[PDB]
$ cat coords.csv   # CSV, N, CA and C atoms
chain,number,residue,atom,x,y,z
A,1,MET,N,35.7,16.2,46.4
A,1,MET,CA,35.1,15.1,45.7
A,1,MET,C,33.6,15.1,45.8
A,2,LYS,N,33.0,15.2,44.6
A,2,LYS,CA,31.5,15.2,44.5
A,2,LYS,C,31.0,13.8,44.0
A,3,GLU,N,29.7,13.7,44.0
A,3,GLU,CA,29.1,12.4,43.7
A,3,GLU,C,28.3,12.5,42.4
A,4,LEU,N,28.1,11.4,41.7
A,4,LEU,CA,27.3,11.3,40.5
A,4,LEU,C,26.2,10.3,40.7
A,5,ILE,N,25.0,10.6,40.2
A,5,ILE,CA,23.9,9.8,40.2
A,5,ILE,C,23.7,9.1,38.9
A,6,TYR,N,22.9,8.0,38.8
A,6,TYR,CA,22.6,7.3,37.6
A,6,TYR,C,21.1,7.4,37.3
A,7,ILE,N,20.8,7.6,36.0
A,7,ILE,CA,19.4,7.6,35.5
A,7,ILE,C,19.3,6.4,34.6
A,8,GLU,N,18.3,5.6,34.9
A,8,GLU,CA,18.0,4.4,34.2
A,8,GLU,C,17.7,4.7,32.7
A,9,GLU,N,18.1,3.8,31.8
A,9,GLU,CA,17.9,4.0,30.4
A,9,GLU,C,16.4,3.9,30.1
A,10,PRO,N,15.8,4.7,29.3
A,10,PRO,CA,14.4,4.6,29.0
A,10,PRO,C,14.1,3.5,27.9
A,11,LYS,N,12.8,3.2,27.9
A,11,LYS,CA,12.4,2.1,27.0
A,11,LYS,C,11.5,2.7,25.9
A,12,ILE,N,11.6,2.1,24.7
A,12,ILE,CA,10.7,2.5,23.5
A,12,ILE,C,9.9,1.3,23.2
A,13,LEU,N,8.6,1.5,23.1
A,13,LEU,CA,7.6,0.4,22.9
A,13,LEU,C,7.4,0.1,21.4
A,14,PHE,N,7.6,-1.2,21.1
A,14,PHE,CA,7.5,-1.7,19.7
A,14,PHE,C,6.2,-2.5,19.6
A,15,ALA,N,6.0,-3.2,18.5
A,15,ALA,CA,4.8,-3.9,18.2
A,15,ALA,C,4.3,-4.9,19.3
A,16,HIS,N,3.0,-5.1,19.4
A,16,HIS,CA,2.4,-5.9,20.4
A,16,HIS,C,3.0,-5.7,21.8
A,17,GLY,N,3.2,-4.4,22.1
A,17,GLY,CA,3.7,-4.0,23.5
A,17,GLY,C,5.0,-4.7,23.9
A,18,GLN,N,6.0,-4.7,23.1
A,18,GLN,CA,7.3,-5.3,23.4
A,18,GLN,C,8.3,-4.2,23.7
A,19,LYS,N,8.6,-4.0,25.0
A,19,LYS,CA,9.6,-3.0,25.4
A,19,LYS,C,11.0,-3.4,25.0
A,20,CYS,N,11.8,-2.4,24.7
A,20,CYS,CA,13.2,-2.6,24.3
A,20,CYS,C,13.9,-1.3,24.5
A,21,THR,N,15.2,-1.3,24.3
A,21,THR,CA,16.0,-0.1,24.5
A,21,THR,C,16.6,0.4,23.2
A,22,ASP,N,17.1,-0.4,22.3
A,22,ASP,CA,17.7,0.0,21.0
A,22,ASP,C,16.6,-0.1,20.0
A,23,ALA,N,16.4,1.0,19.2
A,23,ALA,CA,15.4,1.0,18.2
A,23,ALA,C,15.7,0.0,17.1
A,24,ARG,N,16.9,-0.2,16.7
A,24,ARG,CA,17.2,-1.1,15.6
A,24,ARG,C,16.9,-2.5,16.0
A,25,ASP,N,17.3,-2.9,17.2
A,25,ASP,CA,17.1,-4.3,17.6
A,25,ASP,C,15.6,-4.5,17.8
A,26,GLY,N,14.9,-3.5,18.4
A,26,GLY,CA,13.4,-3.7,18.5
A,26,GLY,C,12.7,-3.8,17.2
A,27,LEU,N,13.2,-3.1,16.2
A,27,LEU,CA,12.6,-3.2,14.9
A,27,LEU,C,12.9,-4.6,14.2
A,28,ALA,N,14.2,-5.0,14.3
A,28,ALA,CA,14.6,-6.3,13.8
A,28,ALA,C,14.0,-7.4,14.5
A,29,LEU,N,13.5,-7.2,15.7
A,29,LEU,CA,12.9,-8.3,16.5
A,29,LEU,C,11.4,-8.4,16.4
A,30,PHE,N,10.7,-7.2,16.5
A,30,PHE,CA,9.3,-7.2,16.5
A,30,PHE,C,8.7,-6.5,15.3
A,31,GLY,N,9.1,-5.3,15.0
A,31,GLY,CA,8.5,-4.5,13.9
A,31,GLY,C,7.8,-3.3,14.3
A,32,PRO,N,7.5,-2.4,13.3
A,32,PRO,CA,6.8,-1.2,13.7
A,32,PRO,C,5.4,-1.3,14.2
A,33,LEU,N,4.9,-0.3,14.8
A,33,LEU,CA,3.6,-0.3,15.5
A,33,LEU,C,2.5,-0.6,14.5
A,34,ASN,N,2.4,0.2,13.4
A,34,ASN,CA,1.4,0.1,12.4
A,34,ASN,C,2.0,-0.4,11.1
A,35,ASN,N,1.1,-1.0,10.3
A,35,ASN,CA,1.5,-1.6,9.0
A,35,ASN,C,1.1,-0.8,7.8
A,36,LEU,N,2.0,-0.3,7.0
A,36,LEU,CA,1.7,0.2,5.7
A,36,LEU,C,1.6,-1.0,4.8
A,37,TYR,N,0.7,-1.0,3.8
A,37,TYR,CA,0.6,-2.1,2.9
A,37,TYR,C,1.8,-2.0,1.9
A,38,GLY,N,2.3,-0.8,1.6
A,38,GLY,CA,3.4,-0.7,0.7
A,38,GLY,C,3.7,0.8,0.6
A,39,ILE,N,4.8,1.1,-0.1
A,39,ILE,CA,5.3,2.4,-0.3
A,39,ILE,C,5.4,2.6,-1.8
A,40,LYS,N,4.7,3.6,-2.4
A,40,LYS,CA,4.8,4.0,-3.8
A,40,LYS,C,5.7,5.2,-3.9
A,41,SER,N,6.8,5.1,-4.7
A,41,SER,CA,7.8,6.1,-4.8
A,41,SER,C,7.7,6.9,-6.1
A,42,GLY,N,7.8,8.2,-5.9
A,42,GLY,CA,7.9,9.1,-7.1
A,42,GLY,C,9.3,9.7,-7.2
A,43,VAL,N,10.0,9.2,-8.1
A,43,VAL,CA,11.4,9.6,-8.3
A,43,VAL,C,11.6,10.7,-9.4
A,44,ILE,N,12.2,11.8,-9.1
A,44,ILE,CA,12.4,12.9,-10.0
A,44,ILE,C,13.9,13.2,-10.1
A,45,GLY,N,14.4,13.1,-11.3
A,45,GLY,CA,15.8,13.3,-11.5
A,45,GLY,C,16.3,12.9,-12.9
A,46,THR,N,17.6,13.0,-13.1
A,46,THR,CA,18.1,12.5,-14.3
A,46,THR,C,18.0,11.0,-14.5
A,47,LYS,N,18.4,10.5,-15.7
A,47,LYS,CA,18.3,9.1,-16.0
A,47,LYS,C,19.3,8.4,-15.1
A,48,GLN,N,20.5,8.9,-14.9
A,48,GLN,CA,21.4,8.3,-13.9
A,48,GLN,C,20.9,8.2,-12.5
A,49,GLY,N,20.2,9.3,-12.1
A,49,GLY,CA,19.5,9.3,-10.8
A,49,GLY,C,18.5,8.2,-10.7
A,50,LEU,N,17.7,8.0,-11.7
A,50,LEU,CA,16.7,7.0,-11.7
A,50,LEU,C,17.4,5.6,-11.6
A,51,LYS,N,18.4,5.4,-12.4
A,51,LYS,CA,19.1,4.1,-12.3
A,51,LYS,C,19.7,3.9,-10.9
B,1,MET,N,-37.4,1.5,-47.2
B,1,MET,CA,-36.3,0.5,-47.2
B,1,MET,C,-34.9,1.1,-47.1
B,2,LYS,N,-34.5,1.4,-45.9
B,2,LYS,CA,-33.1,1.8,-45.7
B,2,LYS,C,-32.3,0.7,-45.1
B,3,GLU,N,-30.9,0.9,-45.1
B,3,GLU,CA,-30.0,-0.1,-44.8
B,3,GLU,C,-29.2,0.3,-43.5
B,4,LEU,N,-28.8,-0.7,-42.7
B,4,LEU,CA,-28.0,-0.5,-41.5
B,4,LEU,C,-26.7,-1.2,-41.7
B,5,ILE,N,-25.6,-0.4,-41.3
B,5,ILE,CA,-24.3,-1.0,-41.3
B,5,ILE,C,-24.0,-1.3,-39.8
B,6,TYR,N,-22.9,-2.2,-39.7
B,6,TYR,CA,-22.5,-2.7,-38.4
B,6,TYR,C,-21.1,-2.4,-38.1
B,7,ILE,N,-20.7,-2.0,-36.9
B,7,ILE,CA,-19.4,-1.8,-36.5
B,7,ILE,C,-19.0,-2.7,-35.3
B,8,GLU,N,-17.8,-3.3,-35.3
B,8,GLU,CA,-17.4,-4.2,-34.3
B,8,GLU,C,-17.3,-3.6,-33.0
B,9,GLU,N,-17.6,-4.4,-31.9
B,9,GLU,CA,-17.4,-3.9,-30.6
B,9,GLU,C,-16.0,-3.7,-30.2
B,10,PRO,N,-15.5,-2.6,-29.6
B,10,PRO,CA,-14.1,-2.5,-29.2
B,10,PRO,C,-13.8,-3.3,-28.0
B,11,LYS,N,-12.5,-3.6,-27.9
B,11,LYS,CA,-11.9,-4.4,-26.8
B,11,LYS,C,-11.1,-3.6,-25.8
B,12,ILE,N,-11.3,-3.9,-24.5
B,12,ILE,CA,-10.5,-3.2,-23.5
B,12,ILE,C,-9.5,-4.1,-23.0
B,13,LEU,N,-8.3,-3.6,-22.7
B,13,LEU,CA,-7.1,-4.4,-22.4
B,13,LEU,C,-6.9,-4.5,-20.9
B,14,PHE,N,-6.8,-5.7,-20.4
B,14,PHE,CA,-6.7,-6.0,-19.0
B,14,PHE,C,-5.2,-6.5,-18.7
B,15,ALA,N,-5.0,-7.0,-17.5
B,15,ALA,CA,-3.7,-7.4,-17.0
B,15,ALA,C,-3.1,-8.5,-17.9
B,16,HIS,N,-1.8,-8.5,-18.0
B,16,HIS,CA,-1.0,-9.4,-18.9
B,16,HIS,C,-1.7,-9.6,-20.2
B,17,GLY,N,-1.8,-8.5,-20.9
B,17,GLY,CA,-2.1,-8.5,-22.4
B,17,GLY,C,-3.5,-9.1,-22.8
B,18,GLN,N,-4.4,-9.3,-21.8
B,18,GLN,CA,-5.6,-10.0,-22.1
B,18,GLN,C,-6.7,-8.9,-22.4
B,19,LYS,N,-7.4,-9.1,-23.5
B,19,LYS,CA,-8.5,-8.3,-23.9
B,19,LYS,C,-9.8,-8.9,-23.6
B,20,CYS,N,-10.9,-8.1,-23.6
B,20,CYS,CA,-12.3,-8.6,-23.4
B,20,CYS,C,-13.2,-7.5,-23.9
B,21,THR,N,-14.5,-7.6,-23.7
B,21,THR,CA,-15.5,-6.6,-24.0
B,21,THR,C,-16.2,-6.1,-22.8
B,22,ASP,N,-16.4,-6.9,-21.8
B,22,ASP,CA,-17.1,-6.5,-20.5
B,22,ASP,C,-16.0,-6.2,-19.5
B,23,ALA,N,-16.2,-5.0,-18.8
B,23,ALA,CA,-15.3,-4.6,-17.7
B,23,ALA,C,-15.3,-5.6,-16.6
B,24,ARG,N,-16.5,-6.0,-16.1
B,24,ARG,CA,-16.6,-6.9,-15.0
B,24,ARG,C,-16.0,-8.3,-15.3
B,25,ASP,N,-16.3,-8.8,-16.5
B,25,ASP,CA,-15.8,-10.1,-16.8
B,25,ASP,C,-14.3,-10.1,-16.9
B,26,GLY,N,-13.8,-9.0,-17.6
B,26,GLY,CA,-12.3,-8.9,-17.7
B,26,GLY,C,-11.6,-8.7,-16.4
B,27,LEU,N,-12.2,-8.0,-15.5
B,27,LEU,CA,-11.6,-7.8,-14.1
B,27,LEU,C,-11.6,-9.1,-13.4
B,28,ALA,N,-12.8,-9.8,-13.4
B,28,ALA,CA,-12.9,-11.1,-12.7
B,28,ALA,C,-12.1,-12.2,-13.3
B,29,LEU,N,-11.7,-12.1,-14.6
B,29,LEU,CA,-10.9,-13.1,-15.2
B,29,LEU,C,-9.4,-12.8,-15.2
B,30,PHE,N,-8.9,-11.6,-15.2
B,30,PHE,CA,-7.5,-11.2,-15.3
B,30,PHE,C,-7.1,-10.2,-14.3
B,31,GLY,N,-7.9,-9.3,-13.8
B,31,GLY,CA,-7.6,-8.4,-12.8
B,31,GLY,C,-7.1,-7.0,-13.4
B,32,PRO,N,-6.9,-6.1,-12.6
B,32,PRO,CA,-6.6,-4.7,-13.0
B,32,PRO,C,-5.2,-4.6,-13.7
B,33,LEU,N,-5.1,-3.6,-14.5
B,33,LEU,CA,-3.8,-3.4,-15.3
B,33,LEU,C,-2.6,-3.1,-14.3
B,34,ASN,N,-2.8,-2.3,-13.3
B,34,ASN,CA,-1.8,-2.0,-12.4
B,34,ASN,C,-2.0,-2.7,-11.1
B,35,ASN,N,-0.9,-2.6,-10.2
B,35,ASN,CA,-0.9,-3.3,-8.9
B,35,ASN,C,-0.7,-2.3,-7.8
B,36,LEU,N,-1.7,-2.1,-7.0
B,36,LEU,CA,-1.5,-1.4,-5.7
B,36,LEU,C,-1.2,-2.5,-4.6
B,37,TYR,N,-0.8,-2.0,-3.5
B,37,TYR,CA,-0.6,-2.8,-2.3
B,37,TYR,C,-1.8,-2.9,-1.3
B,38,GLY,N,-2.4,-1.7,-1.2
B,38,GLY,CA,-3.6,-1.6,-0.3
B,38,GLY,C,-4.1,-0.2,-0.4
B,39,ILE,N,-5.3,-0.1,0.2
B,39,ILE,CA,-6.0,1.2,0.2
B,39,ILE,C,-6.2,1.6,1.7
B,40,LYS,N,-5.7,2.7,2.0
B,40,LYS,CA,-5.8,3.3,3.4
B,40,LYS,C,-7.0,4.2,3.4
B,41,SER,N,-8.1,3.7,4.1
B,41,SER,CA,-9.3,4.4,4.1
B,41,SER,C,-9.4,5.4,5.2
B,42,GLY,N,-9.6,6.7,4.8
B,42,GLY,CA,-9.9,7.7,5.8
B,42,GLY,C,-11.4,7.9,5.8
B,43,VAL,N,-12.0,7.9,6.9
B,43,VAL,CA,-13.5,8.1,7.1
B,43,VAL,C,-13.7,9.3,7.9
B,44,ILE,N,-14.7,10.1,7.5
B,44,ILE,CA,-15.1,11.3,8.2
B,44,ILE,C,-16.6,11.3,8.4
B,45,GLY,N,-17.0,11.4,9.7
B,45,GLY,CA,-18.4,11.4,10.0
B,45,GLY,C,-18.7,10.9,11.3
B,46,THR,N,-20.0,10.5,11.5
B,46,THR,CA,-20.5,10.0,12.8
B,46,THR,C,-20.0,8.6,13.2
B,47,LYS,N,-20.3,8.2,14.4
B,47,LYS,CA,-19.9,6.9,14.8
B,47,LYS,C,-20.7,5.8,14.1
B,48,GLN,N,-22.0,6.0,14.0
B,48,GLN,CA,-22.8,5.0,13.2
B,48,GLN,C,-22.4,5.0,11.8
B,49,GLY,N,-22.0,6.1,11.2
B,49,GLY,CA,-21.4,6.1,9.9
B,49,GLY,C,-20.2,5.2,9.8
B,50,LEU,N,-19.3,5.3,10.8
B,50,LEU,CA,-18.1,4.4,10.8
B,50,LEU,C,-18.6,3.0,10.9
B,51,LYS,N,-19.6,2.7,11.7
B,51,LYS,CA,-20.0,1.3,11.9
B,51,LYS,C,-20.6,0.8,10.5

$ encode --input "coords.csv" --output "structure tokens"
Amino acid sequence: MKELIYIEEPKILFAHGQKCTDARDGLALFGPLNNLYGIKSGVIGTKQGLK
Amino acid sequence: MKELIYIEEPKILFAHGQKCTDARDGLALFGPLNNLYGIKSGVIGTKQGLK
């Protein structure tokens, strides 16, 4: 019979220095580190793809 | 005794279908034709240049 150790879960730092563990919850709670003013999309494809 | 003819000043088209003759007045009255979200400025040079 051998033994197992435990390694503590790491943290990922979100906006205004808010530590968390899950990326989705940290984003839904605080938000990304830097702010883009917006995203301009260039879509190339058929008409159905554009729709 | 020679004669001079006259030609009407052309109009430039601004936001929401509004025309004018001066670019500055048209911009200050109706704004640009298109809509960006922001301008991400990259600066290259000295520290005092950044200041």

$ atom_distance --input "coords.csv" --atom1 "atom N of residue 12 (chain B)" --atom2 "atom C of residue 36 (chain B)"
22.4 Å

$ interface_residues --input "coords.csv" --of "chain A" --to "chain B" --cutoff "9 Å" --atoms "only C-alpha atoms" --output "list in words"
residues 36, 37, 38, 39 and 40 of chain A

$ write_last_selection --input "coords.csv" --atoms "N, CA and C atoms" --output "compact mmCIF listing (two decimals), in the frame of the given file"
# COMPACT_ATOMS: atom_id res chain seq x y z
N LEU A 36 2.00 -0.30 7.00
CA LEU A 36 1.70 0.20 5.70
C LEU A 36 1.60 -1.00 4.80
N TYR A 37 0.70 -1.00 3.80
CA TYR A 37 0.60 -2.10 2.90
C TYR A 37 1.80 -2.00 1.90
N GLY A 38 2.30 -0.80 1.60
CA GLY A 38 3.40 -0.70 0.70
C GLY A 38 3.70 0.80 0.60
N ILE A 39 4.80 1.10 -0.10
CA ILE A 39 5.30 2.40 -0.30
C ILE A 39 5.40 2.60 -1.80
N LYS A 40 4.70 3.60 -2.40
CA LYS A 40 4.80 4.00 -3.80
C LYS A 40 5.70 5.20 -3.90

$ atom_distance --input "coords.csv" --atom1 "CA of residue 9 (chain B)" --atom2 "atom N of residue 23 (chain B)"
11.9 Å

$ closest_residue --input "coords.csv" --among "A:8, A:21, A:48, A:16" --to "residue 33 (chain A)" --atoms "all atoms listed in the file"
A:16

$ calpha_fit_and_write --input "coords.csv" --fixed "chain A" --moving "chain B" --output "short mmCIF file (atom, residue, chain, number, x, y, z; two decimals) with N, CA and C atoms, in the frame of the given file"
data_model
loop_
_atom_site.label_atom_id
_atom_site.label_comp_id
_atom_site.auth_asym_id
_atom_site.auth_seq_id
_atom_site.Cartn_x
_atom_site.Cartn_y
_atom_site.Cartn_z
N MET B 1 36.02 15.68 45.71
CA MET B 1 35.14 14.49 45.88
C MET B 1 33.65 14.78 45.74
N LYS B 2 33.20 14.83 44.52
CA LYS B 2 31.75 14.91 44.30
C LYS B 2 31.19 13.60 43.88
N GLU B 3 29.78 13.51 43.89
CA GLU B 3 29.10 12.32 43.75
C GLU B 3 28.23 12.37 42.43
N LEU B 4 28.04 11.21 41.78
CA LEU B 4 27.22 11.08 40.59
C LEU B 4 26.09 10.17 40.92
N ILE B 5 24.85 10.67 40.44
CA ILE B 5 23.70 9.83 40.56
C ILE B 5 23.47 9.27 39.12
N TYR B 6 22.57 8.17 39.17
CA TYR B 6 22.28 7.42 37.96
C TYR B 6 20.85 7.39 37.66
N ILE B 7 20.38 7.54 36.43
CA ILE B 7 19.07 7.42 36.04
C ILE B 7 18.86 6.30 34.99
N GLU B 8 17.80 5.48 35.10
CA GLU B 8 17.59 4.38 34.24
C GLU B 8 17.38 4.77 32.88
N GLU B 9 17.83 3.90 31.89
CA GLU B 9 17.54 4.16 30.54
C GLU B 9 16.13 4.02 30.15
N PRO B 10 15.42 4.91 29.42
CA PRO B 10 14.02 4.67 29.05
C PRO B 10 13.89 3.67 27.98
N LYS B 11 12.68 3.11 27.95
CA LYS B 11 12.25 2.06 26.99
C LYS B 11 11.31 2.54 25.91
N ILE B 12 11.57 2.11 24.66
CA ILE B 12 10.65 2.49 23.59
C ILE B 12 9.85 1.35 23.25
N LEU B 13 8.57 1.55 22.91
CA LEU B 13 7.56 0.49 22.76
C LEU B 13 7.38 0.15 21.29
N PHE B 14 7.53 -1.10 20.96
CA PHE B 14 7.49 -1.61 19.62
C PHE B 14 6.12 -2.43 19.43
N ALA B 15 6.03 -3.12 18.31
CA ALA B 15 4.84 -3.84 17.90
C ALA B 15 4.47 -4.90 18.96
N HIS B 16 3.20 -5.15 19.09
CA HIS B 16 2.59 -6.05 20.13
C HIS B 16 3.32 -5.93 21.42
N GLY B 17 3.19 -4.75 21.97
CA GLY B 17 3.48 -4.48 23.44
C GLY B 17 4.98 -4.73 23.88
N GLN B 18 5.90 -4.88 22.90
CA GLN B 18 7.21 -5.28 23.26
C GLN B 18 8.07 -3.95 23.38
N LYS B 19 8.79 -3.85 24.47
CA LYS B 19 9.71 -2.80 24.73
C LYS B 19 11.11 -3.17 24.48
N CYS B 20 12.02 -2.17 24.34
CA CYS B 20 13.49 -2.41 24.18
C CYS B 20 14.15 -1.09 24.50
N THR B 21 15.45 -0.96 24.28
CA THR B 21 16.23 0.25 24.42
C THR B 21 16.81 0.71 23.14
N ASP B 22 17.17 -0.16 22.25
CA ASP B 22 17.78 0.19 20.89
C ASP B 22 16.64 0.12 19.89
N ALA B 23 16.60 1.23 19.03
CA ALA B 23 15.64 1.28 17.91
C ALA B 23 15.84 0.16 16.96
N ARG B 24 17.10 -0.06 16.48
CA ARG B 24 17.38 -1.06 15.51
C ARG B 24 17.07 -2.50 16.02
N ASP B 25 17.46 -2.76 17.26
CA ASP B 25 17.23 -4.08 17.75
C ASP B 25 15.76 -4.36 17.89
N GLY B 26 15.05 -3.30 18.45
CA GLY B 26 13.56 -3.48 18.57
C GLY B 26 12.84 -3.61 17.28
N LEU B 27 13.29 -2.94 16.27
CA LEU B 27 12.66 -3.05 14.88
C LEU B 27 12.92 -4.41 14.36
N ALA B 28 14.24 -4.85 14.42
CA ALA B 28 14.60 -6.19 13.90
C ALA B 28 14.04 -7.33 14.67
N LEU B 29 13.62 -7.14 15.95
CA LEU B 29 13.04 -8.18 16.70
C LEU B 29 11.51 -8.19 16.70
N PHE B 30 10.78 -7.13 16.55
CA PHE B 30 9.33 -7.00 16.63
C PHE B 30 8.73 -6.25 15.52
N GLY B 31 9.34 -5.29 14.88
CA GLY B 31 8.86 -4.61 13.78
C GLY B 31 8.09 -3.27 14.19
N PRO B 32 7.72 -2.55 13.29
CA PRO B 32 7.14 -1.19 13.50
C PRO B 32 5.75 -1.28 14.22
N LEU B 33 5.45 -0.22 14.88
CA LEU B 33 4.13 -0.17 15.68
C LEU B 33 2.90 -0.26 14.68
N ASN B 34 2.94 0.42 13.57
CA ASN B 34 1.90 0.39 12.67
C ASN B 34 2.23 -0.43 11.47
N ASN B 35 1.14 -0.68 10.59
CA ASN B 35 1.28 -1.54 9.40
C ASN B 35 0.89 -0.76 8.18
N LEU B 36 1.83 -0.48 7.33
CA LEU B 36 1.49 -0.02 5.96
C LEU B 36 1.42 -1.30 5.02
N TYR B 37 0.93 -1.04 3.88
CA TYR B 37 0.90 -2.02 2.80
C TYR B 37 2.09 -2.02 1.79
N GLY B 38 2.44 -0.75 1.52
CA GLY B 38 3.60 -0.54 0.58
C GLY B 38 3.80 0.93 0.48
N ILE B 39 4.96 1.19 -0.16
CA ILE B 39 5.38 2.59 -0.36
C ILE B 39 5.50 2.81 -1.90
N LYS B 40 4.79 3.73 -2.34
CA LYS B 40 4.77 4.14 -3.81
C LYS B 40 5.77 5.25 -3.96
N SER B 41 6.94 4.89 -4.62
CA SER B 41 7.98 5.81 -4.74
C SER B 41 7.88 6.65 -5.97
N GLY B 42 7.81 8.00 -5.76
CA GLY B 42 7.91 8.90 -6.89
C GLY B 42 9.34 9.39 -6.96
N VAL B 43 9.92 9.36 -8.06
CA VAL B 43 11.35 9.82 -8.33
C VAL B 43 11.31 10.92 -9.29
N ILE B 44 12.13 11.95 -9.03
CA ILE B 44 12.28 13.09 -9.89
C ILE B 44 13.75 13.36 -10.13
N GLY B 45 14.12 13.36 -11.44
CA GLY B 45 15.49 13.60 -11.78
C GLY B 45 15.89 12.99 -13.00
N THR B 46 17.24 12.84 -13.18
CA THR B 46 17.84 12.27 -14.41
C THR B 46 17.63 10.76 -14.61
N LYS B 47 18.00 10.26 -15.75
CA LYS B 47 17.87 8.87 -15.96
C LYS B 47 18.88 8.06 -15.14
N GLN B 48 20.11 8.52 -15.10
CA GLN B 48 21.09 7.82 -14.19
C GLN B 48 20.70 7.94 -12.80
N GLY B 49 20.09 9.01 -12.34
CA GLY B 49 19.50 9.07 -11.04
C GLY B 49 18.50 7.97 -10.78
N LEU B 50 17.60 7.75 -11.76
CA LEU B 50 16.61 6.64 -11.61
C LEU B 50 17.38 5.36 -11.53
N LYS B 51 18.42 5.16 -12.31
CA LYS B 51 19.09 3.86 -12.33
C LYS B 51 19.78 3.68 -10.89
#

$ atom_distance --input "coords.csv" --atom1 "CA of residue 10 (chain A)" --atom2 "CA of residue 24 (chain A)"
14.8 Å

$ select_by_dssp --input "coords.csv" --residues "region 9-46 of chain A" --states "strand (DSSP E or B)" --output "ChimeraX atom specification"
/A:12-14,18-20

$ select_by_dssp --input "coords.csv" --residues "chain B" --states "alpha helix (DSSP H)" --output "compact mmCIF listing (two decimals) with N, CA and C atoms, keeping the file's coordinate frame"
# COMPACT_ATOMS: atom_id res chain seq x y z
N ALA B 23 -16.20 -5.00 -18.80
CA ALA B 23 -15.30 -4.60 -17.70
C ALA B 23 -15.30 -5.60 -16.60
N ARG B 24 -16.50 -6.00 -16.10
CA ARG B 24 -16.60 -6.90 -15.00
C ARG B 24 -16.00 -8.30 -15.30
N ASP B 25 -16.30 -8.80 -16.50
CA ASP B 25 -15.80 -10.10 -16.80
C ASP B 25 -14.30 -10.10 -16.90
N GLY B 26 -13.80 -9.00 -17.60
CA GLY B 26 -12.30 -8.90 -17.70
C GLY B 26 -11.60 -8.70 -16.40
N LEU B 27 -12.20 -8.00 -15.50
CA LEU B 27 -11.60 -7.80 -14.10
C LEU B 27 -11.60 -9.10 -13.40
N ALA B 28 -12.80 -9.80 -13.40
CA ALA B 28 -12.90 -11.10 -12.70
C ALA B 28 -12.10 -12.20 -13.30
N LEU B 29 -11.70 -12.10 -14.60
CA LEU B 29 -10.90 -13.10 -15.20
C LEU B 29 -9.40 -12.80 -15.20
N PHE B 30 -8.90 -11.60 -15.20
CA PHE B 30 -7.50 -11.20 -15.30
C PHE B 30 -7.10 -10.20 -14.30
N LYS B 47 -20.30 8.20 14.40
CA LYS B 47 -19.90 6.90 14.80
C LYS B 47 -20.70 5.80 14.10
N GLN B 48 -22.00 6.00 14.00
CA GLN B 48 -22.80 5.00 13.20
C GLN B 48 -22.40 5.00 11.80
N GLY B 49 -22.00 6.10 11.20
CA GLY B 49 -21.40 6.10 9.90
C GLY B 49 -20.20 5.20 9.80
N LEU B 50 -19.30 5.30 10.80
CA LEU B 50 -18.10 4.40 10.80
C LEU B 50 -18.60 3.00 10.90

$ residues_around --input "coords.csv" --residues "residue 13 (chain A)" --least-positions-apart "6" --cutoff "8 Å" --atoms "all atoms listed in the file" --output "JSON, numbers by chain"
{"A": [19, 20, 21, 26, 31, 32, 33]}

$ closest_residue --input "coords.csv" --among "B:42, B:29, B:2, B:50" --to "residue 14 (chain B)" --atoms "only C-alpha atoms"
B:29

$ build_atoms --input "coords.csv" --residues "region 40-48 of chain B" --atoms "N, CA, C and O atoms" --output "compact mmCIF listing (two decimals), keeping the file's coordinate frame"
# COMPACT_ATOMS: atom_id res chain seq x y z
N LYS B 40 -5.70 2.70 2.00
CA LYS B 40 -5.80 3.30 3.40
C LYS B 40 -7.00 4.20 3.40
O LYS B 40 -6.95 5.31 2.90
N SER B 41 -8.10 3.70 4.10
CA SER B 41 -9.30 4.40 4.10
C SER B 41 -9.40 5.40 5.20
O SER B 41 -9.30 5.05 6.36
N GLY B 42 -9.60 6.70 4.80
CA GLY B 42 -9.90 7.70 5.80
C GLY B 42 -11.40 7.90 5.80
O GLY B 42 -12.00 8.08 4.69
N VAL B 43 -12.00 7.90 6.90
CA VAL B 43 -13.50 8.10 7.10
C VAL B 43 -13.70 9.30 7.90
O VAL B 43 -13.04 9.54 8.94
N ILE B 44 -14.70 10.10 7.50
CA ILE B 44 -15.10 11.30 8.20
C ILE B 44 -16.60 11.30 8.40
O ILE B 44 -17.34 11.24 7.47
N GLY B 45 -17.00 11.40 9.70
CA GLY B 45 -18.40 11.40 10.00
C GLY B 45 -18.70 10.90 11.30
O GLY B 45 -17.88 10.84 12.22
N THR B 46 -20.00 10.50 11.50
CA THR B 46 -20.50 10.00 12.80
C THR B 46 -20.00 8.60 13.20
O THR B 46 -19.37 7.95 12.36
N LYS B 47 -20.30 8.20 14.40
CA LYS B 47 -19.90 6.90 14.80
C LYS B 47 -20.70 5.80 14.10
O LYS B 47 -20.13 4.80 13.68
N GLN B 48 -22.00 6.00 14.00
CA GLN B 48 -22.80 5.00 13.20
C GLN B 48 -22.40 5.00 11.80
O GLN B 48 -22.52 3.94 11.14
